[PDB]
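Enquirer: enclosed are the sequence and the experimentally obtained structure.
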Amino acid sequence: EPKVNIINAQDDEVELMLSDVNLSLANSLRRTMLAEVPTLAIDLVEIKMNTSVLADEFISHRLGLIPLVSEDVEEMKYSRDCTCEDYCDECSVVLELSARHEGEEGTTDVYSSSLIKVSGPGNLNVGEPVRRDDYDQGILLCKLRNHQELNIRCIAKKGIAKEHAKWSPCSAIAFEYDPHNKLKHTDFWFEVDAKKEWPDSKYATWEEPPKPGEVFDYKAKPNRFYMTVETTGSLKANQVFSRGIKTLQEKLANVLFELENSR
Amino acid sequence: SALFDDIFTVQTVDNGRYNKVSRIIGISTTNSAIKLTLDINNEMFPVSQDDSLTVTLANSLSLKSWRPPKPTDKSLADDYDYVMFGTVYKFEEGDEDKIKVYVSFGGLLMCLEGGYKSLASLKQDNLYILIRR
Amino acid sequence: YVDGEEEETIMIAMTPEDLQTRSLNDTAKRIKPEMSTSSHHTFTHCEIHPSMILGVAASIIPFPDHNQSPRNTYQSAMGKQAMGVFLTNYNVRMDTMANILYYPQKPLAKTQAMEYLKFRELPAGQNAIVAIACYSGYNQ
Amino acid sequence: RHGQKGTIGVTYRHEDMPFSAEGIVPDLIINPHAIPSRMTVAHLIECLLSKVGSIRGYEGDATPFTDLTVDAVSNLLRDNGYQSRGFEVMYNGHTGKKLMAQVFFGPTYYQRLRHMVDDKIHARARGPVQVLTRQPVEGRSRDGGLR
Amino acid sequence: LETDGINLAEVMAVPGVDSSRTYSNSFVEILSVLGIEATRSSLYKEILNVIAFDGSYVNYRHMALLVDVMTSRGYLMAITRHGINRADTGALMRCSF
Amino acid sequence: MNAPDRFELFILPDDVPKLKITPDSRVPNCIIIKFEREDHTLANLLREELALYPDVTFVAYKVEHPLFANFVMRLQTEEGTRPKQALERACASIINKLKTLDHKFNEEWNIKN
Amino acid sequence: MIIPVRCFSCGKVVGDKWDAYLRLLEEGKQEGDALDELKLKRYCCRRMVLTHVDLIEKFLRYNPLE
Amino acid sequence: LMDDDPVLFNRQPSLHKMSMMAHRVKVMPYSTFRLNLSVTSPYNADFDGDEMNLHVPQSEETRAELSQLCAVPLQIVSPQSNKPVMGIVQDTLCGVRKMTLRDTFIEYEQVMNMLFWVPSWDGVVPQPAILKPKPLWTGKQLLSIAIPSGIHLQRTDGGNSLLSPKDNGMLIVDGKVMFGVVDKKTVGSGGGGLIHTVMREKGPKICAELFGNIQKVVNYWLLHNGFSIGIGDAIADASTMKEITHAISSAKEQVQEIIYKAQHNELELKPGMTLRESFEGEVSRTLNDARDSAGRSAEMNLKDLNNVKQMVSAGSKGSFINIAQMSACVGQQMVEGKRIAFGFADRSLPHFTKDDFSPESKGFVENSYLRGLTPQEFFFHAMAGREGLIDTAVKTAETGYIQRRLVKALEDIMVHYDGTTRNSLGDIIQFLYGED
Amino acid sequence: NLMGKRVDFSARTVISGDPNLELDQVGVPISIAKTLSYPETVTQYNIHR
Amino acid sequence: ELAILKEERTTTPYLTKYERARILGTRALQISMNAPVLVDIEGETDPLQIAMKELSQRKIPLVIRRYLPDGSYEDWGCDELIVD
Amino acid sequence: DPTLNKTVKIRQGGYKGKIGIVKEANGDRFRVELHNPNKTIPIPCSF
Amino acid sequence: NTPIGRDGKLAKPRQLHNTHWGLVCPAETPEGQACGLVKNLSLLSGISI
RNA sequence: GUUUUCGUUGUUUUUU
Ligand SMILES: [Mg+2]
Ligand SMILES: [Zn+2]
Ligand SMILES: [Zn+2]
C-alpha cells in the first residue's frame, strides 16, 4: 500500500512523494529519523593543554556540534553495551586535534580538518570529519595567535539525538499534505479573503485546486504527503530514510517480542 | 416506531454568525401551524430555502457505552440521511394547542410549535431526530 | 543650545518639515497637528531629532511610540539586568561577577542611535524564531 | 525589548514543537494573553520586520517617530511570498497534523536575565543560628531561615 | 437639598425640612445629636458607600462587626495609636501595637 | 541541579518491563497498557493502526506528564478479540507496511539515480 | 563572538560558510544576494549570519600573556 | 520528604487567609515549584519571576491539622464576598469559550482520546450528537462528560429565549450542558458559578477534580487545535477609520464651538463649578464621548474570528477599551483628575503657541499605538504613566500600613460557644455574629 | 524576633505552572525533598519499610 | 460548680471542625505511639486513616471540655458528637 | 580510609569512561564526584 | 540624584513636569522609593561648566 | 574517635 516517488533527491536531501499512508505514520517516521537515528559526535573532549582565548568547555561544545561521517554507526556498539574496562576501539573512536600558531603576527585559523581520525573500530568508515569538500577545511574551529598553542585529544561515542541534539542527523525535515486545505484541517485567517491574501504551496501543483461548487467530502482523508529529507552531512538522506525505517521496525519488533515474552 | 413524523418545506435557512451550521425555519407542508426550528450542520448536510424535508422522531433505532456502528446491524436510520442523538430539555405545556417541544442535541436546539397530540407522544428524554434526503 | 529656562521664551519647529507651512489620509500612521488657530507663525528653532529625549537604555526599544509608557520604562530598567558583552578585556580582569553570552547578536530590528551606542557592536541577546500561541497550557 | 519578562516553562525537542510547512519550528512559544493586556504593538512590529529582514537579508532601522508603515511592511512581506500579517500554517509535531488556525510566526531579539533559577533556590532544616537569639541565621548565602 | 458645610442641630428644625430624615455625612454630628446607634448607622452607611462605590461587594457581617467593635464603649474609638492603646486590654498587646 | 538525566530518555531500567498490562475492569475486554521509554512516535502510530481495526471497541492513549518517559493506553477489543491479540496484529501490520515502503523507497532511490 | 557551528533552529552546520560568506561580503554583494549564494534559504538560518557578531579578534588584539 | 505528604504553602504579601494554603507533595526533578494553574487566582501571581515559600510539618497532629484545615479544596469558596475565589483562567478559559461554540464537532478517535484524558470518566463513551452520516461529537458533550452528574444550572443572558438564538444563555441538567457558551460569567470566580454549585453539592474533592479534568481536556483539545494571535487582529478596514475620523472631526468641532461659546462670555455656569471648571468638564465629556463612539464603531467593525475579539469575548484577558486605544484612539490624557497643565509659562510645551485650548493643545491623543504617537502625545502618555506608577507605589505602602493597624485593632475577637462575639477580655461585641 | 522570625524546615524558590498537576498537588524539586526530612516514629506498620 | 451537668449541655450536638481535627490528630498520634486501636487496621499503615476510621465509627474514647466565656466548662464525649 | 582522594574512572555502567574522585566510603559502597558534570554519584566499589 | 529625602511621600517631585522637555530620559526611572526622583541625562542634554 | 566553628553594622542596589 505505501508508495514512494522521489521528486528531488540528493546526498543531503531526499524530496519524495509519500502517499497511500497515514498522517500519523508519516509523522511517526519523520520523528524516527529526526530523533531516533543513532549517530556519532564528539563527546569526550580532553585537553592536554590549551592557549587559545576561549573557554575550554566552549570549544568542547563546538566540537560536539561537529557532524562526523557516520556510515557504519549502525555497526559500532554503544559504549555502555561494551563490557571492556574503560573504552575499546569497538565501543568508541579516537580523534585528535593539536594546532599551534607560530609567528608574532597573524592568526592560525584551526579547522575541523585539523581533527584527525586517530583510531576507530576499523575498517568502519566512521570518525571521519564531515566536510562540504576536501579542499573545504571544514568548519572553522579556532583562531590561534602569537604563542598560542592547542593540543587536545577527544573521544566520540555513538548516540541518538534524543540523548543530545548533536546527534540529530537531519538538519531539517519539513512536512505537508493537501496544500489546498481540501480536508479543511485549518481555518484561514484574513481580513478580506484568505485566497487573495495567502500564498500558494510549492506542492500545490500535485493537487488540483478544488472546484467552486464542489461539495465537501467528509470522507476525505490525508493521503498524499510531501517531504524533503535533509541530512546534516554525517549520513545520506537515503541512508537516513532507510535507517530510520529500520529503527522504527526494530522498535516494533522489540515491542512485539516483549508482547510474547511477558505473556 | 416513529414517535413523530412530518415533512417540512424550509421557509428560511440562517447561517447567521455560524457557518458550518444553519438555523432554519420550516412549516409542515402536511399541516400549517406546526412551526419547527432546528439546528443542522451546513457542510455535513447542506440545504437551501424551500427544501421539503421529511422529519421523523423515534426514541429507539435498534430494530450502553457507544461503539462504532457495525455495518452488519440495521436501524431505522438506514432509511434516513441525517440523524442526531438528542435530549428532551423542554416539553412545553403551552396554549390550548401550542405545545413547544425543545430538544438539545448536545448543543443543537430546536423549537417545535404545534398541536399537543402531534407532540403528545413526545414527552420523552432522549429523542432521535430523523430526516430523509 | 537652550537650557530649561531658555526653552520657554522660544518657538521651535518640532520637525524640519514643520518649518514650512504645509498644504494624505493614511490609516497606518500617527496624525500631525492642525495648527490653524494662528494664521501666522514665526518659528525660532527646529527639533534636530525629537527621539533624542530618551535615555541610553530607553532608546534600545524598537518603535517605543507604539507601546505603553510603563512598558517602556520597565524594559529600560530591566535591560540593564540582561547579560551580554560589555568589555573586551574581561579575561584579564578579575571580577566577582561576570557573565557573557556565547553568541551575542545585533538585533534584527535596530534603532539608529544604537550605532552611537555600539549595541550592534556590543549586543546582549539573540534573535529567536518565536510563536505567539497556546501550545500545551504550559506557556501561561 | 518591550518589558516582556518571562521564565522558562519547559523545553520541547525539535520534533516536539509544532512545525511550519517550511519545517521551521519556533525557538520559543509565548502566551497570546499578554499582548492584549500589555499592548506591545512595537513587539509585533519588531517580530514582523525582523522576519522581513531575515528573508530579505538586511538590517532595518527601528527609530521611533519614523513613518515606516506596518502596511508597507505587509506589502514587502506579501512580495516575499509570505502572509502579509505573519500568519503561517503550523502542524502538530506530535501527530504531524495541521493546526486548525494559522500562526503568527517569526524571529525576535530576546535577552537572558541574571535571575537564574538556582540563584534563588534555598532550604533549611537545621544549622547556623544567631547566637544572640539562637534563631536561624539570615541570608540564602548564609543558610538563611525563612522569616 | 445638599449643603456645603455641616450644622446638624440648626438645620434639622428649619421649616420646610424633613427633620426626621435629615442626614449628615459626618457621623460626629450624628453622635452629637443622634446619640450612639444612629452614629453607627451613618458610620456603616458611609463606609460601604466608599467601599462599594466601585461596585465591589463584601460580606456584610464583617463590616457590621467592624463598626460594632469601634462603638463598644458607647463613644468613638478612632483607629489610631491613642484609642487602641487607651483600651484596657492586655498590655502585651496594646504595647505591641 | 534537579534536572533528570538525558540518556535515560530511551534506556529502560532492568527491574521494570518496557510495557505493562492491566485489565480494565470497568468495561468488558478492556485493558490498560502502561508504557515506558516511548512517546507519540510509537503511541500515535500504534493507536491509528489499531483504530483502523474493526474488532476494536475502544482505544486511547495519553501521556500523563511530559517529564516522564512513560505513558498509558486504554484498549478495548470487542468480545471475540482480546486486546493483546489486536495489538500484536497492529504491530505486524505496521511492520509489513513499513517493510513495503522500505523496499519501495529502495527501488525508487535506485531508479532515480 | 565566533560563528555558530549549527543553526540553533534546525541545526544546519553554518560555521564553515562564514569565511566564504565574509568573502562574499568583501565585494559588497548584497546581504540577501550573498545569503542566497550560500544556499541558506530558511531565515531560521539566515538570521544568525545576517546579524551574527564576531569579536574573537578583539581577544586576539589583546597581547596574550604568553 | 515523601510524595503526597501534606505541607504548608505561603506567598507574599499575605493580605488575606487565601494568600496561603497547604498542599500534598508531588516531587519531581528540576528546581521550581509547580502549581496547578487555578491556584494562581488567590495568589494573584504569574510566572514573570515570582518566588514562593513553604513549610514542612514535623509531627502528625500538625500533619492531620493541615490536612483537615488548610486543605486547598476546603477554601475554594471565599467568605470575602461569600463567593468562589478561583476560576477557569487564561488558556483554559479562552479555550473552553471556543469549545462551547455551537458549530463545534469532534472526530471519533479524537473524542476517544479526550474521554481517556479524564481520569474521572465513567468508562462509558457518550453517543455522538450526530449519528448519520458521520458520527460526531460536540465539545459540549465532552465538557458534560467532565462534569459530575445530578448537577443543574440555568442562566438567562439578557432576557433570551430557551432556543438561544444568539447561542447565549446557559443550561445544565444532571451536569449535562444543555446549551450556551461558557464564559467567565459562568466559570469565573463570580458567585453562584458552576464551580460554586459543584462545591456546595459535591463537596470539596469533587469540585477540585472538576478543575483538574477541565484543565486536562480543555488544554488537550486546544493543543490539537492550537491558538495564536497576529498584528492584523488590531487593525480595521479603511471605511472604519473613515467613520472614526469623521467622529473625531465632529467632536473637535463640538469642542471648538464650546470654546467660541465660553470665550465670548456665553457658556453657562455649572452648579458649584466655575466657568473654567465647567469648560474643563464639558471638554472632558466631549472627548470621552468621542473616544467611546470611535471605539464602539471599531468594535462593531470587528469580525468574530478576530483573536482580539475572541479574547475579549472570552474575557480571560483584555477589555473593550484596550481595543479602543490599541486600534481607534488612545484618547484624552488625564492627570491628577485634570488635563495636561502649562508646565511652561502659559503653555505646556514650547512647540505650541501661548494660550491654546484645543483638545490636542492640552493633552488629547487622537492616534493609537498602531498609528504611533507624535512626541507631544507620547510625552503626555508618559506623564500619565509615571503618575499612575507613582500612585500605585504610594497606595500599596499606605494600604499595607492601614491593614497592619486594622489587624492589630481586632486581633483577639472571637465567636464563642454561646454564639456571642467577645474580646480577650470577654466584652461582647455583637449579641450574635452577623446577627445570624 | 517575637512575632516574626526565621524558621527552619522552610524553603523558597520560583513558582511553576502545570496543567498535569492536581489542585491540592504541588511539584517539589527532588533535591529539596532529600534535603528536607520528616521525623517519624518507628512503628510496626512501617518497621520493615 | 466547674463542670455543667450532662442535661444542660446547650452546645450543638455536632462536632466542630476544630474539635473534629483536634480529635483526629490526637488519635493519630496516640496510635502512632502504639496505642491500642479501637477499630481494625487492614492496610491503613498510616495513623491518620486509622484515626479517621475510628472517628467515623465514633469509637474514639475521648471527652471534650468546652470552656464557656464565663469560664465554666462542659464535657462532651467523642461518641455523642454528631459527626457530619 | 586512605584509598580516597585519588583519581578514579569508571569501567562499566551508564557513565562508562568518566574521570572522578572518591569522597565518602562509609562501607562497601563508594560515592564519586565527576568532572564534566557538577554532580557526585554513588557506585559499587567494583566498577 | 534628588537629595530631597524620602521623608513625606508627596507627588510633585516624583511626578514628571513639562519642564524636563528634552532634558532627562522621560521613561527611565527607578521603582518604588527611588522611582521618579533619580533622573538621567537625555541624549542631547549638556551641562554647563 | 566518637566529637566538632565565623562576625557585625551600616550603606546602596535591585528582586514582586
Ligand atoms: Mg514580578
Ligand atoms: Zn569497548
Ligand atoms: Zn536553520
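Expert: Good, I have the coordinates. Numbers count the residues shown, from 1 in each chain, chains lettered A, B, ... in the order given. Ligands and ions are numbered 1, 2, ... in the order given.
Enquirer: ok, the residue sitting nearest the centre point of chain I - contacts?
Expert: Centroid-nearest residue in chain I, with C-alpha atoms, centre = their mean: residue I:33, separated by 5.9 Å. Neighbouring residues of residue I:33 by C-beta atoms under 8 Å, 6 or more residues apart in numbering or on different chains: H:1-2, H:25, H:27. C-betas here are computed from N, CA, C, even on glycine.
Enquirer: closest one of these to chain G?
Expert: Top of the list for closeness to chain G, among the contacts of residue I:33 and by C-beta to the nearest C-beta, is residue H:27 at 32.4 Å.
Enquirer: which residues does residue A:31 contact?
Expert: D:15, F:39-41.
Enquirer: from those residues, which land in helices?
Expert: Using DSSP state H, F:40-41 are the members of the contacts of residue A:31 that sit in helices.
Enquirer: and the buried ones among the contacts of residue A:31, selectable in PyMOL?
Expert: Buried subset of the contacts of residue A:31, written as a PyMOL selection, criterion 16 or more other C-beta atoms under 10 Å in any protein chain shown:
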select buried, (chain D and resi 15) or (chain F and resi 39+40+41)
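Enquirer: most proximal residue of chain F with respect to RNA strand M?
Expert: In chain F, the residue that lies nearest RNA strand M is residue F:1 (19.4 Å; C-beta to the nearest atom of the strand).
Enquirer: can I assume that residue sits in a strand?
Expert: No. Applying DSSP: H, G, I helix; E, B strand; the rest coil, one finds residue F:1 to be coil, outside a strand.
Enquirer: and it, how many neighbours?
Expert: Neighbours of residue F:1 under the rule other C-beta atoms under 10 Å in any protein chain shown: 13.
Enquirer: wait, doesn't it sit right on residue H:31?
Expert: Yes. Between residue F:1 and residue H:31 there is a contact at 5.9 Å, judged by C-beta atoms under 8 Å.
Enquirer: overlap in contacts of these two?
Expert: Residues touching both residue F:1 and residue H:31 by C-beta under 8 Å, 6+ apart: D:118, D:121, I:31.
Enquirer: go ahead and flag the most central residue of chain A.
Expert: Taking C-alpha atoms, centre = their mean, the centroid of chain A lies closest to residue A:169, which sits 1.3 Å from it.
Enquirer: hang on, the earlier thing: now which of the contacts of residue I:33 would you call buried?
Expert: Among the contacts of residue I:33, those scoring as buried are H:1, H:25, H:27 (criterion: 16+ other C-beta under 10 Å).
Enquirer: isn't the residue nearest to the centre of chain A right up against residue A:68?
Expert: No. Using C-beta under 8 Å, residue A:169 makes no contact with residue A:68, being 10.6 Å away.
Enquirer: overlap of the contact sets of these two?
Expert: Shared contacts of residue A:169 and residue A:68, counting by C-beta under 8 Å, 6+ apart, come down to A:39, A:234.
Enquirer: mind listing what the residue of chain J found nearest chain G touches?
Expert: Closest to chain G within chain J is residue J:46: 49.9 Å, counting by C-beta to the nearest C-beta. For residue J:46, the contacting residues are residue I:45, by C-beta under 8 Å, 6+ apart.
Enquirer: try it again at 10 Å.
Expert: Contacts here follow C-beta atoms under 10 Å, 6 or more residues apart in numbering or on different chains; on that basis residue J:46 touches H:60, H:63, I:43, I:45-46, J:28, J:31-32.
Enquirer: repeat for residue F:43
Expert: A:24, A:28, D:94-95, F:33, F:35, F:61-63, F:71-73.
Enquirer: count of residues packed around whatever residue of chain L ends up closest to chain C?
Expert: Per C-beta to the nearest C-beta, the residue of chain L with the smallest distance to chain C is residue L:25, at 2.8 Å. Residues lying near residue L:25 (other C-beta under 10 Å) number 22.
Enquirer: where does the residue nearest to it when sequence neighbours are not counted land in three-state SS?
Expert: Excluding the flanking residues, the one nearest residue L:25 by C-beta to C-beta, 6 or more residues apart in numbering or on different chains is residue C:55, at 2.8 Å. Here residue C:55 is recorded as coil under three-state DSSP.
Enquirer: isn't residue C:55 right up against residue L:24?
Expert: Yes. Assessed by C-beta atoms under 10 Å, residue C:55 is found in contact with residue L:24 at 7.8 Å.
Enquirer: who in chain C is up against chain F?
Expert: C:136, C:138 (C-beta under 10 Å from any C-beta of the partner chain).
Enquirer: what does chain H give?
Expert: Looking at chain F, the residues of chain H close enough under C-beta under 10 Å from any C-beta are H:26-32, H:34, H:108-119, H:121-125, H:216, H:220.
Enquirer: from the residues you listed, list the buried ones, please.
Expert: By 16+ other C-beta under 10 Å, the residues of chain H next to chain F give H:26-32, H:34, H:108, H:110-118, H:121, H:125, H:216, H:220 as buried.
Enquirer: quick one: the helices in chain G?
Expert: So, for chain G - with DSSP H - the helices run G:15-26, G:31-37, G:43-51, G:56-61.
Enquirer: swap that for chain C, sorry
Expert: According to DSSP H, the helices that chain C contains are C:69-79, C:114-117.
Enquirer: determine which stretch of the ones you listed is the most buried.
Expert: Scoring the helices of chain C by mean neighbour count under mean count of other C-beta atoms under 10 Å in any protein chain shown gives helix C:69-79 as the most buried, with a mean of 22.
Enquirer: for chain H, what's the nearest residue on chain E?
Expert: Closest point on chain E to chain H, by C-beta to the nearest C-beta, is residue E:61, at 3.2 Å.
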